[PDB]
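Single chain ahead, written as structure tokens, the form deposited in one PDB entry.
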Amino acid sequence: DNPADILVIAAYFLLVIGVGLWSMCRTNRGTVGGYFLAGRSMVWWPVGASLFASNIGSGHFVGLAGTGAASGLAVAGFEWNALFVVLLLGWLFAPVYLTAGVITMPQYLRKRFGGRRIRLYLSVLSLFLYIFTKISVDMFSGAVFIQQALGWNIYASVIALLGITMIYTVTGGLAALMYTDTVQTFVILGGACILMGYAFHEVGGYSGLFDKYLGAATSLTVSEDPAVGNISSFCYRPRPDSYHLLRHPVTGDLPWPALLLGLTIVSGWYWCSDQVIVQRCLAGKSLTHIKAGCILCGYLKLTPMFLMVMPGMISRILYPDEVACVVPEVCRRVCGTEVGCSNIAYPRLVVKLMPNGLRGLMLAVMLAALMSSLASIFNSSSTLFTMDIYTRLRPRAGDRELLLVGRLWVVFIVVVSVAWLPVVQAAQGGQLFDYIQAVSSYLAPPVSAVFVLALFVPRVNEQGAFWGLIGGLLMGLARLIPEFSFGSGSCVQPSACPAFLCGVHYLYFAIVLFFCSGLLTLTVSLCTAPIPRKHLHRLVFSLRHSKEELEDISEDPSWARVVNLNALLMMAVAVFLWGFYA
């Protein structure tokens, strides 16, 4: 309501309109190549910024700060894992997808194994994963930030946000989104940095976070409800391993072997096997631009710890009676949610710390984060649907009808997401961030397992890859459905789940499901006919000519040398930071 907020939001919209118009003036959007792969003309800095901005949504501010507040700094693991896995994308996966000439990752599996059915299955599974794990987290976190910061109707505002991101997605294509994602990356990091600075000032520096956070307990630990009573000291006191990334392998909330192996498997899917991230690399101009873009993305993926997780922890120190509430009736008064108020952590800092002008910048940050992620998911889902499913229904389609169908899918997936909003709003507190990582850990590892065996074991055939995926889905669902039946509850009100389902961490299940999908893929492969695949195997990883029988992934040796040394430097910095906070 202060003019300065409306001017900052208007200036942000003018930047987004302006970079969109410059991209539409520059690029061709009349062809499938142009609209869905940005002409394969994207240099390193939009690749990197777009990888970053398609990944960081409103969920990363709400979820990571909230989990920061609840549980300390090991959720940085979620972000920091990405660093190493984006080097797998640029050096292992992206070369193979460039030499295969794929528009989609289901098409790569069409090329590698050859049936009609793996491509259809992986398209449809991806489309469901985007609704369950990607749209849900964005819509949920948007609605938390609006409820808490603005106070507006959380239906009308999410309809309105979805409608502007629909227009923003359909009006340009992947080329406008990737250039606009350089501006969205700038706004996100810059506003997030200014709020991090105000937050760290309020607790009295970096030292202030680490000497006040283990003390940061609420004074309201006794419920008026009988059979809740005096709340346990485990449920309101901050965890004694709060300052440690690497937590106990059995009793850790995020066990270190689950963090390292289990997230590598799930991140593998997310970064290396999944249309949303990989479409930005498929739009790379060169392999060396994809590799440089991958390093930019890894450096930016270090930034979430300091911009989101540590502000969340500062939110627990400054507002311990509101952010670290445990009494079910106090948490209903604070944030509407009986199970906790950890999700207010980030929006509380914005409300309570930002002046008249910079509140508007923090609305622009959350808008930028939410629009970039939703636009990426809508465009990628459009590509997946158009190219995979609609060319099953209409093979002699042509590049004018396929763009119409691409833009109409964005309208349909917006409508599905509006109809999905009440179901996601039924997730109560910071449970949803666990649900989305649990879903990803139950559904993604079969897909990670097939892409690894698609790229590194040329004997894996179609029967193995398909029945690996389906067996994997069956094993996934055998956990998922039992779990979602029993609920989650909370530390105060435990769920009544057996400890032979929910007892094992979902990132440990991700490990088991990966090796079991993989073992079944190899077993069924070895017990069927070896399919010489044309004889071309530019669909596989090798050092020796990456091929067999434009599509030439040879880069300049000087620029090769540069990105190869910056990847090792970027890993060394990562491993230092893993060492530092372990």
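Shifts are known only where both forms have a C-alpha. The term rigid core refers to the most C-alpha atoms you can superpose between the two forms while keeping them within 1.5 Å. Numbering starts at 1 and follows the sequence shown.
One more form of this protein, deposited in another entry, exists but is not displayed; see below.
Between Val447 and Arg544, the Cα spacing is smaller in the other form than in the shown form, differing by no less than 3 Å. Relative to this form, the distance between the C-alpha atoms of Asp556 and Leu543 is increased by at least 3 angstroms in the other form. 533-537, 542-549 make up the set of runs between the shown form and the other one where every Cα shifts by 2 Å or more, each run at least three residues long, with the core as reference frame.
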